[PDB]
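# Working through the structure, step by step
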Amino acid sequence: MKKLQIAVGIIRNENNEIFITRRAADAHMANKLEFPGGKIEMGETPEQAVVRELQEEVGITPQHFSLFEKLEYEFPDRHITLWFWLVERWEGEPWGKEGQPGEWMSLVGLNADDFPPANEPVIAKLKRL
Ligand SMILES: Nc1nc2c([nH]c(=O)n2[C@H]2C[C@H](O)[C@@H](COP(=O)(O)O)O2)c(=O)[nH]1
Ligand SMILES: OC[C@H]1O[C@@](CO)(O[C@H]2O[C@H](CO)[C@@H](O)[C@H](O)[C@H]2O)[C@@H](O)[C@@H]1O
Ligand SMILES: [Mn+2]
Ligand code: NA
(Lines give C-alpha, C1' and ligand atoms only; values in the text may rest on other atoms or scores of the structure.)
(Ligands and ions follow the chains in the order given, each with its own letter.)
Protein backbone atom coordinates (compact mmCIF):
# COMPACT_ATOMS: atom_id res chain seq x y z
CA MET A 1 0.00 0.00 0.00
CA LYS A 2 1.28 3.44 -1.05
CA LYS A 3 2.12 5.87 1.77
CA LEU A 4 1.93 9.62 1.13
CA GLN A 5 2.58 12.84 3.04
CA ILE A 6 0.18 15.55 1.82
CA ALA A 7 0.24 19.26 2.71
CA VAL A 8 -2.90 21.34 2.19
CA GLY A 9 -3.84 24.93 2.91
CA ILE A 10 -7.03 26.12 4.61
CA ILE A 11 -7.24 29.58 3.03
CA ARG A 12 -9.52 31.75 5.18
CA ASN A 13 -10.43 35.35 4.36
CA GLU A 14 -11.64 38.11 6.69
CA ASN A 15 -15.29 37.13 6.04
CA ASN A 16 -14.93 33.60 7.46
CA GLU A 17 -14.90 32.10 3.96
CA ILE A 18 -12.52 29.38 2.72
CA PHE A 19 -11.07 29.06 -0.78
CA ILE A 20 -12.11 25.58 -1.93
CA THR A 21 -11.27 23.78 -5.19
CA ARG A 22 -12.87 20.69 -6.73
CA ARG A 23 -10.83 17.64 -7.73
CA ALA A 24 -10.86 16.31 -11.28
CA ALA A 25 -13.20 13.51 -12.31
CA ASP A 26 -10.30 11.12 -13.02
CA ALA A 27 -8.35 11.81 -9.82
CA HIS A 28 -8.25 9.90 -6.57
CA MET A 29 -11.18 11.26 -4.55
CA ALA A 30 -12.68 12.33 -7.86
CA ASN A 31 -15.10 15.30 -7.91
CA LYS A 32 -14.55 15.99 -4.18
CA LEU A 33 -14.16 19.45 -2.73
CA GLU A 34 -10.71 19.99 -1.27
CA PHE A 35 -8.26 22.29 0.38
CA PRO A 36 -5.56 23.05 -2.24
CA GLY A 37 -2.42 21.04 -1.61
CA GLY A 38 -0.38 18.04 -2.66
CA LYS A 39 2.45 15.66 -1.94
CA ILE A 40 5.42 16.69 0.20
CA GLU A 41 8.42 15.99 -1.99
CA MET A 42 11.73 14.48 -0.99
CA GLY A 43 14.04 17.18 0.30
CA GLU A 44 11.29 19.65 1.19
CA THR A 45 9.58 20.26 4.52
CA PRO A 46 5.83 20.23 5.20
CA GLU A 47 5.96 24.03 5.54
CA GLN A 48 7.78 24.36 2.21
CA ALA A 49 5.35 21.94 0.56
CA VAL A 50 2.23 23.92 1.48
CA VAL A 51 3.82 27.12 0.13
CA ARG A 52 4.83 25.45 -3.13
CA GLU A 53 1.50 23.67 -3.56
CA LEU A 54 -0.55 26.82 -3.02
CA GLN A 55 1.69 28.71 -5.43
CA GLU A 56 1.18 25.99 -8.05
CA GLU A 57 -2.52 25.33 -7.55
CA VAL A 58 -4.05 28.73 -6.71
CA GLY A 59 -1.29 31.31 -7.20
CA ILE A 60 -0.82 32.58 -3.64
CA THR A 61 2.15 32.49 -1.27
CA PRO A 62 1.00 31.65 2.27
CA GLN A 63 2.77 33.35 5.15
CA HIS A 64 2.54 33.33 8.95
CA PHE A 65 0.46 30.15 8.80
CA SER A 66 0.01 27.49 11.47
CA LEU A 67 -0.58 23.74 11.65
CA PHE A 68 -4.32 23.38 12.22
CA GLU A 69 -4.37 19.58 12.24
CA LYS A 70 -2.22 16.61 11.30
CA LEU A 71 -3.90 13.27 10.81
CA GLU A 72 -3.59 9.95 9.04
CA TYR A 73 -6.26 8.24 6.97
CA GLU A 74 -6.35 4.77 5.42
CA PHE A 75 -8.12 4.93 2.05
CA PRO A 76 -9.05 1.67 0.27
CA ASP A 77 -5.79 1.63 -1.72
CA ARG A 78 -3.46 4.12 -0.03
CA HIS A 79 -2.43 5.50 3.35
CA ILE A 80 -1.97 9.27 3.58
CA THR A 81 -0.78 11.63 6.30
CA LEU A 82 -2.46 15.03 5.87
CA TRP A 83 -0.97 18.29 7.13
CA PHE A 84 -3.75 20.89 7.37
CA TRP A 85 -2.25 24.39 7.52
CA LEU A 86 -4.45 27.33 8.50
CA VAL A 87 -3.57 30.13 6.07
CA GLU A 88 -4.95 33.52 7.08
CA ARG A 89 -2.32 35.77 5.48
CA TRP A 90 -0.96 35.48 1.95
CA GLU A 91 0.39 37.35 -1.04
CA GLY A 92 -1.83 37.16 -4.13
CA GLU A 93 -5.45 36.42 -4.95
CA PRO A 94 -6.35 32.70 -5.14
CA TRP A 95 -7.77 31.49 -8.45
CA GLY A 96 -8.08 28.33 -10.52
CA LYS A 97 -4.47 28.53 -11.64
CA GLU A 98 -4.46 24.93 -12.89
CA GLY A 99 -7.81 25.31 -14.65
CA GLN A 100 -9.67 23.71 -11.70
CA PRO A 101 -12.88 25.14 -10.19
CA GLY A 102 -12.28 27.24 -7.12
CA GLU A 103 -14.52 29.47 -5.05
CA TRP A 104 -14.96 31.05 -1.65
CA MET A 105 -17.24 29.07 0.67
CA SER A 106 -18.62 30.20 4.01
CA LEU A 107 -17.13 28.18 6.84
CA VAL A 108 -20.57 27.57 8.38
CA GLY A 109 -21.92 26.19 5.10
CA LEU A 110 -19.25 23.54 4.53
CA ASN A 111 -20.60 19.98 4.23
CA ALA A 112 -18.03 17.35 5.21
CA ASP A 113 -19.77 14.92 2.86
CA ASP A 114 -18.52 17.01 -0.08
CA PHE A 115 -14.85 16.44 0.94
CA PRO A 116 -12.70 13.31 1.21
CA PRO A 117 -13.64 11.42 4.38
CA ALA A 118 -10.19 12.14 5.81
CA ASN A 119 -11.25 15.81 6.19
CA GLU A 120 -14.22 15.06 8.51
CA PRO A 121 -12.59 16.04 11.85
CA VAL A 122 -10.93 19.11 10.30
CA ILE A 123 -14.18 20.48 8.88
CA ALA A 124 -15.81 19.91 12.27
CA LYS A 125 -12.97 21.68 14.08
CA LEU A 126 -13.04 24.61 11.65
CA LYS A 127 -16.73 25.13 12.45
CA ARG A 128 -15.70 25.34 16.13
CA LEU A 129 -13.73 28.55 15.42
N1 LIG B 1 -5.19 18.45 -2.00
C2 LIG B 1 -5.95 17.80 -1.09
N3 LIG B 1 -5.85 16.46 -1.01
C4 LIG B 1 -6.59 15.77 -0.10
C5 LIG B 1 -7.46 16.46 0.75
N6 LIG B 1 -8.07 15.56 1.56
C7 LIG B 1 -7.57 14.38 1.16
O8 LIG B 1 -7.90 13.26 1.69
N9 LIG B 1 -6.68 14.46 0.17
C10 LIG B 1 -5.96 13.35 -0.48
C11 LIG B 1 -6.48 13.19 -1.91
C12 LIG B 1 -5.27 12.61 -2.62
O13 LIG B 1 -5.26 11.19 -2.35
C14 LIG B 1 -4.09 13.23 -1.89
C15 LIG B 1 -3.57 14.51 -2.56
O16 LIG B 1 -2.78 14.23 -3.70
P17 LIG B 1 -2.97 15.19 -4.98
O18 LIG B 1 -3.55 16.47 -4.40
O19 LIG B 1 -1.59 15.32 -5.55
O20 LIG B 1 -4.00 14.51 -5.83
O21 LIG B 1 -4.57 13.61 -0.61
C22 LIG B 1 -7.54 17.84 0.64
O23 LIG B 1 -8.30 18.48 1.40
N24 LIG B 1 -6.79 18.47 -0.28
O1 LIG C 1 4.53 25.57 12.86
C2 LIG C 1 3.82 26.77 12.73
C3 LIG C 1 3.86 27.50 14.07
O4 LIG C 1 5.14 28.10 14.26
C5 LIG C 1 5.00 29.51 14.37
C6 LIG C 1 6.02 30.09 15.36
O7 LIG C 1 5.88 29.47 16.62
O8 LIG C 1 5.10 30.11 13.09
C9 LIG C 1 6.32 29.91 12.41
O10 LIG C 1 6.17 28.89 11.43
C11 LIG C 1 5.25 29.16 10.39
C12 LIG C 1 5.28 28.00 9.40
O13 LIG C 1 6.52 28.00 8.72
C14 LIG C 1 5.61 30.45 9.65
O15 LIG C 1 4.61 30.73 8.69
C16 LIG C 1 5.74 31.60 10.64
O17 LIG C 1 6.17 32.78 9.99
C18 LIG C 1 6.73 31.22 11.74
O19 LIG C 1 6.76 32.26 12.70
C20 LIG C 1 3.56 29.74 14.84
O21 LIG C 1 3.04 30.98 14.43
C22 LIG C 1 2.81 28.61 14.18
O23 LIG C 1 1.70 28.23 14.97
MN1 LIG D 1 -3.30 18.66 -5.38
NA1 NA E 1 -0.56 19.83 -6.83
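Method of determination for the deposited model, per the PDB record: X-ray crystallography, at 1.98 Å resolution.

Under the PDB entry, the name given to the chain is 7,8-dihydro-8-oxoguanine-triphosphatase, and the source organism is Escherichia coli. Looking at the header, the entry is titled "Crystal structure of MutT-8-oxo-dGTP complex: Reaction for 24 hr using 5 mM Mn2+". Of the chain, the UniProt comment under Cofactor (unreviewed entry) reads exactly: "Mg(2+)". In its Sequence similarities (unreviewed entry) section, the UniProt record describing the chain reads: "Belongs to the Nudix hydrolase family."

It is worth spelling out the coordination of the manganese ion (ligand 3) at this point. Here the manganese ion (ligand 3) is held by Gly-37 (O) and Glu-57 (OE), and the distances to it run 2.3 to 2.5 Å. Between the manganese ion (ligand 3) and the sodium ion (ligand 4) the interatomic distance amounts to 3.3 Å, and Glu-57 serves as a bridging ligand to the pair. Residue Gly-37 is found in strand β4 (residues 37-39), and its partner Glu-57 is found in helix α1 (residues 46-58); the two are separated by 20 residues along the sequence. Pair check on accessibility: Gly-37 and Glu-57 agree, each one buried.

Within the structure, ligand 2 sits among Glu-47, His-64, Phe-65 and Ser-66. Between an oxygen atom of ligand 2 and a main-chain N or O atom of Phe-65, the distance comes to 3.1 Å. Considering ligand 2 on its own, with 470 Å² of exposed area, one finds that the protein chains cover 41% of that surface. Grouping the amino acids of the shell around ligand 2 by side-chain chemistry returns one nonpolar, two polar and one charged.

A separate point is the pattern of salt bridges. Counted according to the given criterion, the structure contains seven salt bridges. Close ionic contact of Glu-34 with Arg-23 constitutes a salt bridge, the shortest N to O distance being 2.9 Å. Pair noted here: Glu-34 is in strand β3 (residues 33-34) and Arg-23 is in the loop between β2 (17-22) and β3, with a separation of 11 residues, a long-range link. The shortest N-O distance in the salt bridge between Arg-52 and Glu-56 comes to 3.0 Å. Separated by four residues within a single helix, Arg-52 and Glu-56 lie in helix α1, roughly one turn from each other.

This paragraph deals with the sheet that holds β2. As summarised here, the arrangement of the three strands in space is β3-β2-β9, forming an open sheet in which the pairing is antiparallel. Two strands bound the open sheet, and with one partner strand each, they are β3 and β9 (102-106). Judged from the five bridges that link them, β2 and β9 form a sheet pairing that is antiparallel. For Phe-19, the partnering residue across the bridge sits in β9 and is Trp-104.

So, how was this worked out
Residues numbered from 1 in each chain as written, not as in the entry; some residues may be left out. Chains lettered and ligands numbered in written order. Heavy atoms only, no water. UniProt positions renumbered as here; feature names shortened; annotations may be inferred. Donors = N, O, S within 2.8 Å, 3.2 Å for Na, K, Ca; no water. Helix = DSSP H or I, 4+ residues; strand = E, 2+ residues; numbered from the N terminus. Buried < 20%, exposed > 50% of the residue type's maximum accessible area, 1.4 Å probe, protein only. Near = heavy atom within 4 Å. Polar contact = N/O pair within 3.5 Å; in protein donor to acceptor, adjacent residues only side chain to side chain. Areas by Shrake-Rupley, 256 points an atom, 1.4 Å probe, with all protein chains shown as cover. Nonpolar A, V, L, I, M, F, W, Y, C, P; charged D, E, K, R; others polar. Salt bridge = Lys/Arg side-chain N within 4 Å of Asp/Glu carboxyl O. Pairing = 2+ DSSP bridges.

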